[PDB]
Amino acid sequence: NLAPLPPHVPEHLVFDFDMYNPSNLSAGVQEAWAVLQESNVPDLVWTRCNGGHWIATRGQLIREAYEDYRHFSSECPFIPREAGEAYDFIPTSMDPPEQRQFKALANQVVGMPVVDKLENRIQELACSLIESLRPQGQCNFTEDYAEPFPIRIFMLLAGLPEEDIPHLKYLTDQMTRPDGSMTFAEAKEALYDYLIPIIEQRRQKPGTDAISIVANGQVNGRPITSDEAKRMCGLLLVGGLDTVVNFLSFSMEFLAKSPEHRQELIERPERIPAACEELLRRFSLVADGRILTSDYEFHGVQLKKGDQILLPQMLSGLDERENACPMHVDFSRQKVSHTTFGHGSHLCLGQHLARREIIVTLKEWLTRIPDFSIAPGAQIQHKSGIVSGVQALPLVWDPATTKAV
Ligand code: HEM
């Protein structure tokens with residue numbers, strides 16, 4: 001389904017890439033997206049899929065566009081346009097200076113001090129989850145750890161019932177990896193229907209949870225409104241349920257295939273932090289964009305007001321001009337360059353929480369289950385979207401080789 005080429009788009013700048021169903025998906029989602037970085041592809045292209053939009057294929061441009069909010073606005077960050085228009089999460093749908101105020105409050109509920117406070121709990125859940133799987137000798141990583149671990153920690157932070165996970169997770173997934181079952185506006189509607197009552201109650205009888213903190217916060221000297229609280233909370237929800245979840249599978253899929261990398265971390269644990277960054281670079285998984293606020297010429301290409309442009313955060317670290325041998329995982333890289341957590345005034349607020357959950361998982365898993373692999377006959381399938389993911393990850397191991405700690 002290709003849309004007719006706009007009058008201002010040069011025919012030679014056309015490359016029909018479908019961010020929701022890339023061609024070589026079978027080889028891995030990152031590999032599938034990296035085709036945009038082949039010699040035959042210009043730095044800035046236009047695809048006719050999903051309504052027609054631009055795509056910046058180089059780290060340099062991606063960074064530039066993200067730094068220039070004057071021309072590239074957050075107002076419409078999702079593709080297709082229908083989704084981006086219905087998109088109203090705070091603070092991502094807003095540009096600075098406005099953005100700053102809300103960013104500050106959000107940082108209060110998921111910032112560093114909060115992570116430091118939840119450390120022991122994160123460590124406890126990881127250990128408990130793993131120890132319970134260790135003797136089984138097998139599991140579907142995606143549903144047995146990748147999902148429960150980060151999500152339960154979030155529900156704990158938000159003070160929400162673990163019984164709502166299935167419902168909430170489904171709605172989130174429809175927003176990043178659309179099933180066609182429902183439009184973005186509907187998924188968004190459903191999620192807000194869930195939050196409104198809760199925020200209401202949290203305004204009258206406040207608690208210590210992130211939701212209470214947000215629902216009763218102060219922005220620009222005055223108090224936050226219900227709508228504003230609802231829109232910010234909706235964003236924390238999507239971030240807490242559909243980000244770390246997927247990243248952990250990509251990483252575990254790789255560690256399961258690379259004994260030498262597992263070994264390296266087991267012997268030189270001081271390398272884990274560095275390893276975490278390299279994996280964040282190699283298995284980057286986010287791709288959203290911006291909207292042109294006016295006609296603007298970007299690197300020789302003429303962009304028209306209203307044009308939407310995808311700035312794949314995942315491509316920056318795969319660009320050979322930024323990292324030599326991009327597809328190779330090297331824990332000892334002198335300089336690990338990436339924009340996995342974004343770039344510009346919208347740099348990820350939950351990156352500290354994320355890194356903590358990743359580093360804990362790596363350390364605690366390899367301690368108890370140092371040797372594991374992917375189940376025979378299983379074919380690991382990836383899925384593309386605003387946030388890419390793994391369908392399932394069947395792992396197997398000899399319990400006799402595990403270590404109860
Ligand atoms: C590996 C995990 C994660 C990745 C790769 C990631 C990636 C990103 C990216 C690329 C952005 C920038 C989007 C843009 O500029 O349009 C972002 C924003 C954000 N992330 Fe994360 N994120 C992760 C985990 C989290 C978690 C766990 C939370 C917390 C619940 C979270 C909350 C946010 C928020 C609130 C923003 C919006 C900040 C703003 O608009 O100013 N993220 N994230």
# chains A, B, ... in the order shown; residues from 1 in each chain; ligands from 1

$ residues_around --residues "segment 387-389 of chain A" --least-positions-apart "2" --cutoff "6 Å" --atoms "only C-alpha atoms" --output "PyMOL selection string"
chain A and resi 176+246+285-286+382-385

$ closest_atom_pairs --of "chain A" --to "ligand 1" --cutoff "8 Å" --atoms "only C-alpha atoms and all ligand atoms" --output "JSON lines"
{"residue": "A:66", "atom": "CA", "partner": "ligand 1", "partner_atom_place_in_ligand_line": "15 (O)", "distance": 7.3}
{"residue": "A:74", "atom": "CA", "partner": "ligand 1", "partner_atom_place_in_ligand_line": "16 (O)", "distance": 6.7}
{"residue": "A:77", "atom": "CA", "partner": "ligand 1", "partner_atom_place_in_ligand_line": "16 (O)", "distance": 6.3}
{"residue": "A:90", "atom": "CA", "partner": "ligand 1", "partner_atom_place_in_ligand_line": "40 (O)", "distance": 6.7}
{"residue": "A:91", "atom": "CA", "partner": "ligand 1", "partner_atom_place_in_ligand_line": "40 (O)", "distance": 4.5}
{"residue": "A:92", "atom": "CA", "partner": "ligand 1", "partner_atom_place_in_ligand_line": "40 (O)", "distance": 3.3}
{"residue": "A:93", "atom": "CA", "partner": "ligand 1", "partner_atom_place_in_ligand_line": "40 (O)", "distance": 7.0}
{"residue": "A:94", "atom": "CA", "partner": "ligand 1", "partner_atom_place_in_ligand_line": "40 (O)", "distance": 7.6}
{"residue": "A:99", "atom": "CA", "partner": "ligand 1", "partner_atom_place_in_ligand_line": "41 (O)", "distance": 6.8}
{"residue": "A:100", "atom": "CA", "partner": "ligand 1", "partner_atom_place_in_ligand_line": "41 (O)", "distance": 7.7}
{"residue": "A:103", "atom": "CA", "partner": "ligand 1", "partner_atom_place_in_ligand_line": "41 (O)", "distance": 5.4}
{"residue": "A:106", "atom": "CA", "partner": "ligand 1", "partner_atom_place_in_ligand_line": "35 (C)", "distance": 6.5}
{"residue": "A:107", "atom": "CA", "partner": "ligand 1", "partner_atom_place_in_ligand_line": "35 (C)", "distance": 7.8}
{"residue": "A:110", "atom": "CA", "partner": "ligand 1", "partner_atom_place_in_ligand_line": "29 (C)", "distance": 6.3}
{"residue": "A:150", "atom": "CA", "partner": "ligand 1", "partner_atom_place_in_ligand_line": "27 (C)", "distance": 7.9}
{"residue": "A:154", "atom": "CA", "partner": "ligand 1", "partner_atom_place_in_ligand_line": "30 (C)", "distance": 7.2}
{"residue": "A:232", "atom": "CA", "partner": "ligand 1", "partner_atom_place_in_ligand_line": "35 (C)", "distance": 7.7}
{"residue": "A:235", "atom": "CA", "partner": "ligand 1", "partner_atom_place_in_ligand_line": "35 (C)", "distance": 6.1}
{"residue": "A:236", "atom": "CA", "partner": "ligand 1", "partner_atom_place_in_ligand_line": "30 (C)", "distance": 4.3}
{"residue": "A:237", "atom": "CA", "partner": "ligand 1", "partner_atom_place_in_ligand_line": "30 (C)", "distance": 6.1}
{"residue": "A:238", "atom": "CA", "partner": "ligand 1", "partner_atom_place_in_ligand_line": "30 (C)", "distance": 7.0}
{"residue": "A:239", "atom": "CA", "partner": "ligand 1", "partner_atom_place_in_ligand_line": "28 (C)", "distance": 4.2}
{"residue": "A:240", "atom": "CA", "partner": "ligand 1", "partner_atom_place_in_ligand_line": "30 (C)", "distance": 3.8}
{"residue": "A:241", "atom": "CA", "partner": "ligand 1", "partner_atom_place_in_ligand_line": "30 (C)", "distance": 7.5}
{"residue": "A:243", "atom": "CA", "partner": "ligand 1", "partner_atom_place_in_ligand_line": "2 (C)", "distance": 4.6}
{"residue": "A:244", "atom": "CA", "partner": "ligand 1", "partner_atom_place_in_ligand_line": "2 (C)", "distance": 4.4}
{"residue": "A:245", "atom": "CA", "partner": "ligand 1", "partner_atom_place_in_ligand_line": "2 (C)", "distance": 7.9}
{"residue": "A:246", "atom": "CA", "partner": "ligand 1", "partner_atom_place_in_ligand_line": "1 (C)", "distance": 8.0}
{"residue": "A:247", "atom": "CA", "partner": "ligand 1", "partner_atom_place_in_ligand_line": "1 (C)", "distance": 5.7}
{"residue": "A:280", "atom": "CA", "partner": "ligand 1", "partner_atom_place_in_ligand_line": "1 (C)", "distance": 7.1}
{"residue": "A:284", "atom": "CA", "partner": "ligand 1", "partner_atom_place_in_ligand_line": "5 (C)", "distance": 6.5}
{"residue": "A:285", "atom": "CA", "partner": "ligand 1", "partner_atom_place_in_ligand_line": "5 (C)", "distance": 6.2}
{"residue": "A:286", "atom": "CA", "partner": "ligand 1", "partner_atom_place_in_ligand_line": "10 (C)", "distance": 5.6}
{"residue": "A:287", "atom": "CA", "partner": "ligand 1", "partner_atom_place_in_ligand_line": "10 (C)", "distance": 7.1}
{"residue": "A:288", "atom": "CA", "partner": "ligand 1", "partner_atom_place_in_ligand_line": "16 (O)", "distance": 6.0}
{"residue": "A:289", "atom": "CA", "partner": "ligand 1", "partner_atom_place_in_ligand_line": "16 (O)", "distance": 6.3}
{"residue": "A:290", "atom": "CA", "partner": "ligand 1", "partner_atom_place_in_ligand_line": "16 (O)", "distance": 7.7}
{"residue": "A:313", "atom": "CA", "partner": "ligand 1", "partner_atom_place_in_ligand_line": "10 (C)", "distance": 5.9}
{"residue": "A:339", "atom": "CA", "partner": "ligand 1", "partner_atom_place_in_ligand_line": "10 (C)", "distance": 7.1}
{"residue": "A:340", "atom": "CA", "partner": "ligand 1", "partner_atom_place_in_ligand_line": "5 (C)", "distance": 5.3}
{"residue": "A:341", "atom": "CA", "partner": "ligand 1", "partner_atom_place_in_ligand_line": "7 (C)", "distance": 4.0}
{"residue": "A:342", "atom": "CA", "partner": "ligand 1", "partner_atom_place_in_ligand_line": "10 (C)", "distance": 3.6}
{"residue": "A:343", "atom": "CA", "partner": "ligand 1", "partner_atom_place_in_ligand_line": "15 (O)", "distance": 6.3}
{"residue": "A:344", "atom": "CA", "partner": "ligand 1", "partner_atom_place_in_ligand_line": "15 (O)", "distance": 7.2}
{"residue": "A:345", "atom": "CA", "partner": "ligand 1", "partner_atom_place_in_ligand_line": "41 (O)", "distance": 6.2}
{"residue": "A:346", "atom": "CA", "partner": "ligand 1", "partner_atom_place_in_ligand_line": "41 (O)", "distance": 3.6}
{"residue": "A:347", "atom": "CA", "partner": "ligand 1", "partner_atom_place_in_ligand_line": "12 (C)", "distance": 5.2}
{"residue": "A:348", "atom": "CA", "partner": "ligand 1", "partner_atom_place_in_ligand_line": "18 (C)", "distance": 3.6}
{"residue": "A:349", "atom": "CA", "partner": "ligand 1", "partner_atom_place_in_ligand_line": "34 (C)", "distance": 4.7}
{"residue": "A:350", "atom": "CA", "partner": "ligand 1", "partner_atom_place_in_ligand_line": "28 (C)", "distance": 3.7}
{"residue": "A:351", "atom": "CA", "partner": "ligand 1", "partner_atom_place_in_ligand_line": "24 (C)", "distance": 5.5}
{"residue": "A:353", "atom": "CA", "partner": "ligand 1", "partner_atom_place_in_ligand_line": "27 (C)", "distance": 5.9}
{"residue": "A:354", "atom": "CA", "partner": "ligand 1", "partner_atom_place_in_ligand_line": "27 (C)", "distance": 5.1}
{"residue": "A:355", "atom": "CA", "partner": "ligand 1", "partner_atom_place_in_ligand_line": "1 (C)", "distance": 7.3}

$ residues_around --residues "residue 145 of chain A" --least-positions-apart "6" --cutoff "9 Å" --atoms "only C-alpha atoms" --output "number ranges by chain"
A: 126, 129-130, 139, 245, 248

$ residues_around --residues "residue 118 of chain A" --least-positions-apart "4" --cutoff "9 Å" --atoms "only C-alpha atoms" --output "list in words"
residues 113, 114, 122, 123, 153 and 157 of chain A

$ write_last_selection --atoms "N, CA, C and O atoms" --output "PDB file, in the first residue's frame"
ATOM      1  N   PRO A 113      17.255   9.379  42.256  1.00  0.00           N
ATOM      2  CA  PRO A 113      17.003   9.098  43.677  1.00  0.00           C
ATOM      3  C   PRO A 113      15.932   8.029  43.896  1.00  0.00           C
ATOM      4  O   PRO A 113      16.020   7.242  44.840  1.00  0.00           O
ATOM      5  N   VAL A 114      14.924   8.011  43.026  1.00  0.00           N
ATOM      6  CA  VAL A 114      13.851   7.029  43.118  1.00  0.00           C
ATOM      7  C   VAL A 114      14.423   5.646  42.819  1.00  0.00           C
ATOM      8  O   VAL A 114      14.094   4.670  43.493  1.00  0.00           O
ATOM      9  N   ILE A 122      14.476  -4.055  43.293  1.00  0.00           N
ATOM     10  CA  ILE A 122      14.753  -4.518  41.941  1.00  0.00           C
ATOM     11  C   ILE A 122      15.620  -5.770  42.032  1.00  0.00           C
ATOM     12  O   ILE A 122      15.399  -6.761  41.333  1.00  0.00           O
ATOM     13  N   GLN A 123      16.606  -5.715  42.914  1.00  0.00           N
ATOM     14  CA  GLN A 123      17.522  -6.824  43.118  1.00  0.00           C
ATOM     15  C   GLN A 123      16.786  -8.038  43.682  1.00  0.00           C
ATOM     16  O   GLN A 123      17.068  -9.179  43.306  1.00  0.00           O
ATOM     17  N   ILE A 153       7.917  -4.259  38.731  1.00  0.00           N
ATOM     18  CA  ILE A 153       8.635  -3.181  39.384  1.00  0.00           C
ATOM     19  C   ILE A 153       7.892  -1.881  39.118  1.00  0.00           C
ATOM     20  O   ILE A 153       7.758  -1.035  40.002  1.00  0.00           O
ATOM     21  N   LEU A 157       5.946   0.810  41.606  1.00  0.00           N
ATOM     22  CA  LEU A 157       6.235   2.232  41.642  1.00  0.00           C
ATOM     23  C   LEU A 157       4.960   3.053  41.484  1.00  0.00           C
ATOM     24  O   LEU A 157       4.773   4.062  42.158  1.00  0.00           O
TER      25      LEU A 157
END

$ select_by_dssp --residues "segment 88-224 of chain A" --states "strand (DSSP E or B)" --output "list in words"
residues 138, 139, 140, 218, 219, 222 and 223 of chain A

$ residues_around --residues "residue 221 of chain A" --least-positions-apart "4" --cutoff "12 Å" --atoms "only C-alpha atoms" --output "number ranges by chain"
A: 101-102, 105, 217

$ closest_residue --among "A:155, A:83, A:291, A:45" --to "residue 308 of chain A" --atoms "only C-alpha atoms"
A:291

$ residues_around --residues "residue 233 of chain A" --least-positions-apart "5" --cutoff "8 Å" --atoms "only C-alpha atoms" --output "compact mmCIF listing (two decimals) with N, CA, C and O atoms, in the first residue's frame"
# COMPACT_ATOMS: atom_id res chain seq x y z
N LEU A 195 -7.14 5.07 33.62
CA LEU A 195 -6.48 6.00 34.52
C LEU A 195 -7.33 7.06 35.22
O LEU A 195 -7.12 7.35 36.39
N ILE A 211 1.79 7.87 40.78
CA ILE A 211 0.55 8.45 40.30
C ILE A 211 0.06 9.55 41.24
O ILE A 211 -0.36 10.61 40.79
N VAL A 214 2.28 12.58 40.81
CA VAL A 214 1.95 13.31 39.58
C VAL A 214 0.59 14.01 39.63
O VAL A 214 0.47 15.18 39.28

$ residues_around --residues "residue 136 of chain A" --least-positions-apart "4" --cutoff "10 Å" --atoms "only C-alpha atoms" --output "PyMOL selection string"
chain A and resi 131-132+396-399

$ select_by_dssp --residues "segment 6-152 of chain A" --states "helix (DSSP H, G or I)" --output "PyMOL selection string"
chain A and resi 11-13+25-27+29-37+49-51+59-67+81-86+98-110+112-133+141-146+148-152

$ closest_residue --among "A:185, A:362, A:199, A:215" --to "residue 272 of chain A" --atoms "only C-alpha atoms"
A:362

$ closest_residue --among "A:168, A:159, A:8, A:31" --to "residue 206 of chain A" --atoms "only C-alpha atoms"
A:159

$ closest_residue --among "A:35, A:165, A:301, A:2" --to "residue 318 of chain A" --atoms "only C-alpha atoms"
A:35

$ closest_residue --among "A:9, A:378, A:255, A:125" --to "residue 304 of chain A" --atoms "only C-alpha atoms"
A:9

$ decode --residues "segment 249-274 of chain A" --atoms "N, CA, C and O atoms" --output "compact mmCIF listing (two decimals), in the first residue's frame"
# COMPACT_ATOMS: atom_id res chain seq x y z
N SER A 249 14.92 -9.14 25.95
CA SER A 249 14.87 -10.32 25.09
C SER A 249 15.94 -10.28 24.01
O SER A 249 16.61 -11.29 23.76
N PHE A 250 16.12 -9.12 23.38
CA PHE A 250 17.14 -8.99 22.34
C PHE A 250 18.49 -9.37 22.93
O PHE A 250 19.24 -10.14 22.35
N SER A 251 18.78 -8.81 24.09
CA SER A 251 20.05 -9.06 24.75
C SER A 251 20.23 -10.52 25.15
O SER A 251 21.30 -11.09 24.94
N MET A 252 19.19 -11.11 25.73
CA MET A 252 19.25 -12.50 26.15
C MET A 252 19.31 -13.42 24.94
O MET A 252 19.92 -14.49 25.00
N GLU A 253 18.70 -13.00 23.83
CA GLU A 253 18.75 -13.82 22.62
C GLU A 253 20.21 -13.89 22.17
O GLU A 253 20.70 -14.95 21.78
N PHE A 254 20.90 -12.75 22.25
CA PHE A 254 22.31 -12.68 21.86
C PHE A 254 23.24 -13.41 22.84
O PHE A 254 24.14 -14.15 22.42
N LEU A 255 23.05 -13.20 24.13
CA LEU A 255 23.91 -13.87 25.12
C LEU A 255 23.76 -15.39 25.04
O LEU A 255 24.72 -16.13 25.29
N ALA A 256 22.56 -15.85 24.70
CA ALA A 256 22.28 -17.28 24.58
C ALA A 256 23.04 -17.89 23.41
O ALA A 256 23.31 -19.09 23.39
N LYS A 257 23.38 -17.05 22.43
CA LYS A 257 24.09 -17.50 21.24
C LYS A 257 25.59 -17.23 21.34
O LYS A 257 26.36 -17.70 20.50
N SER A 258 26.01 -16.48 22.35
CA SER A 258 27.42 -16.16 22.46
C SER A 258 28.05 -16.52 23.79
O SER A 258 28.11 -15.69 24.70
N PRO A 259 28.54 -17.76 23.92
CA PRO A 259 29.17 -18.24 25.16
C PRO A 259 30.38 -17.38 25.57
O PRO A 259 30.59 -17.14 26.76
N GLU A 260 31.15 -16.93 24.59
CA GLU A 260 32.33 -16.11 24.86
C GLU A 260 31.98 -14.79 25.53
O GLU A 260 32.76 -14.25 26.31
N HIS A 261 30.80 -14.25 25.21
CA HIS A 261 30.40 -12.99 25.80
C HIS A 261 29.89 -13.20 27.21
O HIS A 261 30.12 -12.38 28.09
N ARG A 262 29.22 -14.33 27.42
CA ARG A 262 28.70 -14.66 28.74
C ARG A 262 29.90 -14.84 29.66
O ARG A 262 29.96 -14.28 30.76
N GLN A 263 30.87 -15.63 29.20
CA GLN A 263 32.08 -15.92 29.96
C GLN A 263 32.82 -14.67 30.37
O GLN A 263 33.25 -14.53 31.51
N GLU A 264 32.98 -13.76 29.42
CA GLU A 264 33.68 -12.51 29.65
C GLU A 264 33.09 -11.73 30.82
O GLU A 264 33.82 -11.15 31.62
N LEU A 265 31.77 -11.71 30.90
CA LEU A 265 31.09 -10.97 31.96
C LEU A 265 31.17 -11.70 33.30
O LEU A 265 31.20 -11.07 34.36
N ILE A 266 31.24 -13.02 33.24
CA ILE A 266 31.35 -13.82 34.45
C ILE A 266 32.72 -13.65 35.10
O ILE A 266 32.84 -13.61 36.32
N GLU A 267 33.77 -13.54 34.28
CA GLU A 267 35.13 -13.38 34.78
C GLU A 267 35.55 -11.94 35.09
O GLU A 267 36.29 -11.70 36.05
N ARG A 268 35.11 -10.99 34.27
CA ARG A 268 35.45 -9.59 34.48
C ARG A 268 34.16 -8.80 34.67
O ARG A 268 33.75 -8.04 33.79
N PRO A 269 33.51 -8.98 35.83
CA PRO A 269 32.26 -8.29 36.17
C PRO A 269 32.33 -6.77 36.10
O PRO A 269 31.31 -6.11 35.98
N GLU A 270 33.53 -6.23 36.18
CA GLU A 270 33.71 -4.78 36.12
C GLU A 270 33.34 -4.27 34.73
O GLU A 270 33.16 -3.08 34.54
N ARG A 271 33.22 -5.20 33.78
CA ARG A 271 32.90 -4.85 32.41
C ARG A 271 31.41 -4.76 32.12
O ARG A 271 31.01 -4.22 31.08
N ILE A 272 30.59 -5.28 33.02
CA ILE A 272 29.15 -5.27 32.82
C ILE A 272 28.58 -3.90 32.42
O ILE A 272 27.82 -3.81 31.47
N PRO A 273 28.93 -2.83 33.15
CA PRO A 273 28.39 -1.52 32.77
C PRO A 273 28.71 -1.17 31.31
O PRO A 273 27.85 -0.68 30.58
N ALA A 274 29.94 -1.45 30.89
CA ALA A 274 30.37 -1.19 29.53
C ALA A 274 29.61 -2.10 28.59
O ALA A 274 29.20 -1.68 27.50
